[PDB]
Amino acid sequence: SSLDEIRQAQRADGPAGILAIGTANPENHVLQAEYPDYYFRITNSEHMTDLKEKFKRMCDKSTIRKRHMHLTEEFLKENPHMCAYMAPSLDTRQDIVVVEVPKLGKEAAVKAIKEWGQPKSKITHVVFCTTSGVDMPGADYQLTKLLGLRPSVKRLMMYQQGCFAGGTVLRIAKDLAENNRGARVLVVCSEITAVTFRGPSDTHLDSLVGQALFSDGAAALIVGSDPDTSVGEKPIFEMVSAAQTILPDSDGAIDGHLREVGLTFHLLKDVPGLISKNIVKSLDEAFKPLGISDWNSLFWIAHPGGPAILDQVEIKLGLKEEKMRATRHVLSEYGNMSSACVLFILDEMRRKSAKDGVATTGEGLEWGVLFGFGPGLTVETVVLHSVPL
């Protein structure tokens, strides 16, 4: 009867858990070892011989083996304005991603829902995240339609977020699931680089780096509190806390602008140095309350923005080489899929843990940490607890 009684009945009891993870990528893919030849040919830039050598080194240094790409050679042959460095091309790019981003998201969501094993009518909330296009109604609406979810799902559409937003969607889903009894949140991160693909320029090596790193993928979660074992729900990881911060002295480190030429990418500061110099503050804030100070005792998920971030964090903290294994495996096999990456890494970790026969979904360890890194410079820090295997 009272507002207090209503509130306590309305909310969930326990911590939010990740109940299922599904992933998808465009079938079309490129091997990184072959990409410099392909890229300079399809962008009619073969005369740029010095720049091509720089791009070969970028691709070699990336540690990426394979990237999935919705954009095909045949499509680009028909759309040379997307192969130029800077031609009017937003409309064409939007035409692609407003359709393909929810479609790829749906593919991942179907897999998550299959693992979860529950009727889709039990989904109460949808969180859709992309950095690839914008439209109204949004991709959240399109996903809802494609999946045939209840019209009364509570949707949140996260557009133009950037690379930290795999952490952001966990932070969002945590509060939705924990504050609402029975809530089951479908989380989808879906990224298609048709908005950022463009030809090379030797006066914009930061843009060129993006053409070596960024790739396509989608990941989906079901998140909820108070799992129902009787119907086959089983958490994989439990969330404990989620934080976000802006690093000091990082203004303009990573900017992205949506323009008539598509989405442009700018780097102005040493991103690996900024992250490695400041990450301990985020670890202490997250783990000091738990009495944890040994960062090698945690299972690790880090957004693989590039290999230098991972290498410099590993050195700065004295991490064992094994700690970044799952992260690096995803970077190698998929490249930088922006917001989706950390969710692929959670999937990799729990799957490898099961294959290897260790004690928990987090490489046999109890506590873990997930980091998103992106424009701001923003760091998202999520504290996770594993589940026994």
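Start at 1 and count along the sequence shown; that's the residue number.
- Checked against the record, the higher mean CA B factor of 215-223 and 228-236 lies with 228-236.
- Mean CA temperature factor is higher for 244-252 when stretches 244-252 and 92-100 are set side by side in the entry.
- Going by the entry's values, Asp284 shows the largest Cα B-factor out of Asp175, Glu115, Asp284, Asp140.
- Comparing C-alpha B-factors across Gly166, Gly105, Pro151, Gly306 in the deposited entry, the largest value falls on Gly306.
- When all modelled residues of the chain are sorted by CA temperature factor, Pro119 is found within the lowest third.
- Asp60: CA B factor lies in the highest third for its chain, per the PDB record.
- In this PDB entry, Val330 carries a Cα temperature factor that places it within the middle third of its chain's modelled residues.
- In this PDB entry, the Cα temperature factor of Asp50 sits in the top third of its chain's modelled residues, the highest group.
- Split the chain's modelled residues into thirds by C-alpha temperature factor. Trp300 is in the middle one.
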